[PDB]
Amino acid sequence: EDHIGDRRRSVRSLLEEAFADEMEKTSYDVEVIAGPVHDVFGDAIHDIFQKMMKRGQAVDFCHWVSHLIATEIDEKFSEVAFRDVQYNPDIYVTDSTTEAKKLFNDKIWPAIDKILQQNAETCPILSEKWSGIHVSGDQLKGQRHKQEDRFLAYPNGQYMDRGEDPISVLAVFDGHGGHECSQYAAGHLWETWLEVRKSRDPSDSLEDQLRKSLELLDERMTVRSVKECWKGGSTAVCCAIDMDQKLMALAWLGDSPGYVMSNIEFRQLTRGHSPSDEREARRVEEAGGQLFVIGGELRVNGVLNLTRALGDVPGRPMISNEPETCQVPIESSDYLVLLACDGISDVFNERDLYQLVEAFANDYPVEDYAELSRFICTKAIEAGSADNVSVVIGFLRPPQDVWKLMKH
């Protein structure tokens, strides 16, 4: 109503588009290793999310609907309530999770099918209204064999667990040596974030809460990484935005950057954990590592061009898992936050990014704002980036304000 783009649309409208092929089959009368129990639900949500993004929906709807679908499957089809299992550091059960994972795959359409059979008059889910800041998120594989980046863009808790928490959380995770760590981070950050929010002391700043959620995420990831012998790791850059308090926190491990765009420029908020940074080099040396130039750049023990990461258990202590953080007041002249992987910053500097937003806002109408992140990814590949590329954007001021700002 007073909304723009897909935020104008009803749940039914969005589902019927996403599952148009399945509805058509119905109309034609067609009958259309093992992880731990404590990870099943979040694992399922991430798998559903990836499938929903392939069906062409906006990232925020994909987050919301993935939790809905997983919840519906868990309630209607699963013997075990995986959504109610709490992580316990001394418990790790793998009993029948293989069957469970298959269930969360097979029952996606059945879950949605049953919802679409109902009427909004007696089905509350169909009346959902969309809250929170506007976001944009997407990625491209680029000149790579696998997509090892993951990302999150939650306007607030409505899109995580369909609850009431008002804080937005955005993230990008750039995996190396596999996608297991970045996939895990994407599957479970919402869980550790909401756990921290629920248990927070009054003395915990937003910055502390965000840091704690990443510490807890790495703790859970570490257990599974060791049990399954994962070899790789992931960067993280995460942002929590509290619009009421006019505060934004960032936490990062590695070289995926975060920026704020004001009326005049993009400004980088993160400080890359690369061996060329004298501070990081000292941390590596103190941890017993060495820095060698192998190929064209400085690498820790000749392998990693990063000094901090999620996962990388085999690389500890030379590679640190300690997040760096900051907290920044949000001023009235701050327009958007943008998080990306290094695939973007390899080719674009701050001025390039500003000019890309400027170009998009002059070439496309505001109703297409959700496509801005994909635009930047596509432009990065055109500019010769040779990596996976991912971008998430949070609109601190509404898309209308950004378009007004940029209009020639």
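Heads up: residue numbers just count along the shown sequence, starting at 1.
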property: Absent coordinates between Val32 and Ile33 - deposited residues affected, binned into four classes; result: 10 or more
property: Per the entry, higher mean C-alpha B factor between 1 to 9 and 397 to 405; result: 1 to 9
property: Per the entry, higher mean C-alpha B factor between 285 to 293 and 137 to 145; result: 285 to 293
property: Maximum C-alpha temperature factor, selected from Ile344, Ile48, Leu372, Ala359; result: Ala359
property: Deposited CA B-factor, highest of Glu350, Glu367, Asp60, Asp39; result: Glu367
property: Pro89 CA temperature factor, ranked by third within the chain; result: highest
property: Record-listed C-alpha B factor of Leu253: chain third; result: lowest
property: Lowest, middle or highest third - CA B-factor, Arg271; result: lowest
property: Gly302 by Cα B-factor - lowest, middle or highest third of the modelled chain; result: highest
property: Chain third (lowest, middle, highest) by recorded CA B-factor, residue given as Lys54; result: highest
